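To keep things clear, I will list the structure first and then write my remarks on it.
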């Protein structure tokens with residue numbers, strides 16, 4: 210076929226019932242994730258090609274960067290609750306990987322402050338039990354799929370994207386192949 214298990218995707222031998230339709234995992238510590246976000250805009254180009262009525266979910270993971278890694282997952286829980294993912298994603302990536310000015314929860318906090326979320330609203334969010342369960346979800350979803358590497362995309366709890374089996378000579382072409390694969394898996 211043109212799309213083959215083991216080639217552009219792999220199949221989970223232990224399918225995950227009730228999973229989000231399109232599920233993406235990343236880490237602000239993850240160099241390929243930086244690329245996926247800053248250079249490739251994967252999540253975006255995938256959305257542009259998904260059918261109508263299909264929700265897209267992105268979670269942070271704990272297994273990179275030790276203590277700051279977990280802090281980053283709580284902060285992403287806060288980003289999700291306040292709906293400010295789009296105002297902090299880039300400064301968080303650049304703060305961890307480019308300028309290396311993120312070294313503590315407080316530095317993470319500064320990014321939100323500078324992005325215009327108010328201190329009181331961030332600290333309130335940070336400590337809320339809505340954020341606790343939202344952290345819990347991110348962890349449970351990662352756990353459900355045996356996740357040990359990022360970036361990672363899962364479709365309908367059954368399929369996992371395999372970008373290692375896609376041409377990388379041209380970045381534009383890489384994205385489209387990637388996005389088209391998600392759309393294929395989507396319709397499966």
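Numbering (this note's numbering), first residue to last: 210 to 397. A virtual CB, placed ideally from N, CA and C, is assigned to each residue, including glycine.
Just the C-alpha distance for residue 371 and residue 356, rounded to the nearest angstrom, thanks. Counted from its first residue, the chain shown places residue 371 at position 162. Counted from its first residue, the chain shown places residue 356 at position 147. Spanning the two alpha carbons is a distance of roughly 14 Å.
In this structure, how does DSSP classify residue 211 when only helix, strand and coil are distinguished? Here residue 211 refers to the residue found at position 2 when the chain shown is read from its first residue. Coil, per DSSP.
Which runs of the beta strand (DSSP E), 3 residues or longer, sit entirely within the segment 274–303? none
Expected contact under 8 Å - CB spacing of residue 234 and residue 345 to nearest Å: Working through the chain shown from its first residue, we reach residue 234 at position 25. Working through the chain shown from its first residue, we reach residue 345 at position 136. Not quite, the Cβ-Cβ distance comes to about 15 Å (not below 8 Å), so this is no contact.
Identify the continuous alpha helix (DSSP H) that holds residue 391 and give its terminal residues. Here the question's residue 391 lines up with position 182 in the chain shown. Unbroken alpha helix (DSSP H) run through residue 391: 380–396.
Can you give me the C-alpha to C-alpha distance between residue 366 and residue 253, rounded to a whole angstrom? Position 157 of the chain shown, counted from the first residue, corresponds to residue 366. Position 44 of the chain shown, counted from the first residue, corresponds to residue 253. One C-alpha to the other measures close to 20 Å.
State the DSSP-derived secondary structure class of residue 230, mapped to helix, strand or coil. The sequence position of residue 230 within the chain shown is 21, counting from 1. Coil at residue 230, not helix or strand.
CB of residue 384 within 8 Å of CB of residue 249, strictly: Within the chain shown, residue 384 is the residue found at index 175, counting from 1. Within the chain shown, residue 249 is the residue found at index 40, counting from 1. A contact, by the Cβ cut-off of 8 Å.
Leaving aside the five residues before and after residue 214 along the sequence, list all residues of the same chain whose C-beta is less than 8 Å from its C-beta, in chain order. Sequence index remark: in the chain shown, residue 214 carries index 5 (1-based). For residue 214, same chain residues with a beta-carbon under 8 Å away, outside a window of 5 residues either side, are 220 in chain order.
Spatially closest choice to residue 331 from 291, 364, 241 and 239, by CA coordinates: Taking the first residue of the chain shown as position 1, residue 331 is located at position 122. Per the Cα distances, 291.
Can you check the segment 319–370 for any beta strand (DSSP E) of at least 3 residues that lies completely inside it and give the ranges in chain order? The DSSP assignment places 361–364 and 368–370 as complete runs of the beta strand (DSSP E) inside the segment 319–370, in order along the chain (cut-off: 3 residues).
In the DSSP assignment, find the beta strand (DSSP E) that holds residue 307 and state where it starts and stops. Reading the chain shown from its first residue, position 98 is the one you call residue 307. No beta strand (DSSP E) holds residue 307; DSSP gives it neither H nor E.
Assign residue 256 to one of three DSSP states: helix, strand, or coil. Translated into positions along the chain shown, residue 256 becomes position 47. DSSP places residue 256 in helix when its eight states are reduced to three.
Three-way DSSP call (helix, strand, coil) for residue 269 in this model: The count along the chain shown starts at 1 and reaches residue 269 at position 60. Strand, per DSSP.
Quickly, what does DSSP pair residue 218 with across the bridge? List them, please. Within the chain shown, the letter at position 9 stands for residue 218. According to DSSP, which records beta bridges pairwise, residue 218 is partnered with 214 and 370.
For residue 243, which residues of its own chain have a beta-carbon under 7 Å away from its beta-carbon, when the five flanking residues on both sides are left out? Mapped onto the chain shown, residue 243 falls at position 34. In the same chain as residue 243, and ignoring 5 residues on each side of it, the C-beta atoms closer than 7 Å to its own belong to 302 and 306, in chain order.
Which of helix, strand or coil does DSSP assign to residue 237? Position 28 of the chain shown holds residue 237. Here residue 237 sits in coil by DSSP.
Under three-state DSSP, which class holds residue 261? For the purposes of this step, residue 261 is identified with residue 52 of the chain shown, where counting begins at 1. Of the three classes helix, strand and coil, the one that applies to residue 261 here is coil, per DSSP.
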